[PDB]
């Protein structure tokens, strides 16, 4: 149990860096362009790798020239791809990302290619003994709940010192995913999900959604410039102010930087308060740079 595993998506981010967001029906030239390996679980593996944590990525990929770019990027970062669910049907998903250089805002137009998702069958083949931590990016909820029931069953047959710590991410405001609330030691709920459920702050969301988490779980909600908050079994609300850079240039994957940094800090035995703080610290650092290089 020496590695952190992230189960989720790997998407090709085709990036255009603009000085201002284009008005509808307008024609504006971009400042610069780059291809970036994206996908939430995939971005968190980049961050975990830079933090010095051995990690593995599990997600669906389709053989082609794009997957060769993605795989070469994963390998250059030392991310283990041995668990990848290579598919025969479907193309590798790609997205057009417009990054506003003046405020760091990122607009994503995702092309979801109907690539078959990672299944409980794919997960059943995985050797759970090499993993210290397993993070699951909420996608195919019913099929992931089965992956989560499999980790819990393994845990019950293991000593407390050899148990696999589990984290879940509920980013999209999709009702199917609200069952995952639900499972795991740490539950990351997005600001978008929280707002969609009628909450105007991180503290409100935590108080209103805690009843949905597993006994003894920590519910975490980041709220951009408002920093981030956490709530555990003790009922004590924990807050961390954000660490915004003086110039916010790229927020693409900031939330993924936060999740990965919180997971790394907890996996290192640090307190929830310290982990919240470290999450905001690394995410804030990322926001003042293009991509993920130089975050540490």
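Throughout, rigid core stands for the largest set of C-alpha atoms superposing within 1.5 Å between the two forms. Numbering follows the first chain given and starts at 1.
Which of the two stretches, 29 to 37 versus 57 to 65, has its Cα atoms farther on average from this form in 8 other deposited structures of this protein when everything is superposed by the rigid core?
Greater root mean square C-alpha distance in 8 other deposited structures of this protein: 29 to 37.
Quick check on the record: does 142 to 150 or 222 to 230 carry the larger mean Cα temperature factor?
Taking the mean B-factor of the alpha carbons in each, 142 to 150 is higher.
Regarding 91 to 99 and 173 to 181, which shows the higher C-alpha temperature factor on average in the entry?
The stretch with the larger mean CA B-factor is 173 to 181.
Using only the C-alpha B-factors in the record, can you name which of 136, 110, 79, 126 has the highest?
Out of 136, 110, 79, 126, the record gives the largest C-alpha B-factor to 126.
Is the Cα B-factor recorded for residue 74 in the lowest, middle or highest third of its chain?
Lowest third of the chain for residue 74's C-alpha B-factor.
In terms of the chain's CA B-factor thirds, is residue 3 lowest, middle or highest?
Tercile = middle for this residue's CA B-factor.
Sorting by Cα B-factor within the chain, modelled residues only, which third would residue 24 end up in: lowest, middle or highest?
According to the entry, residue 24 has a C-alpha B-factor in the chain's highest third.
Sort the modelled residues of this chain by their C-alpha B factor and say whether residue 295 lands in the lowest, middle or highest third.
Middle third, going by the recorded CA B-factors of the chain.
Ranking the modelled residues of this chain by C-alpha B-factor as given in the entry, is residue 246 in the lowest, middle or highest third?
CA B-factor rank for residue 246: lowest third.
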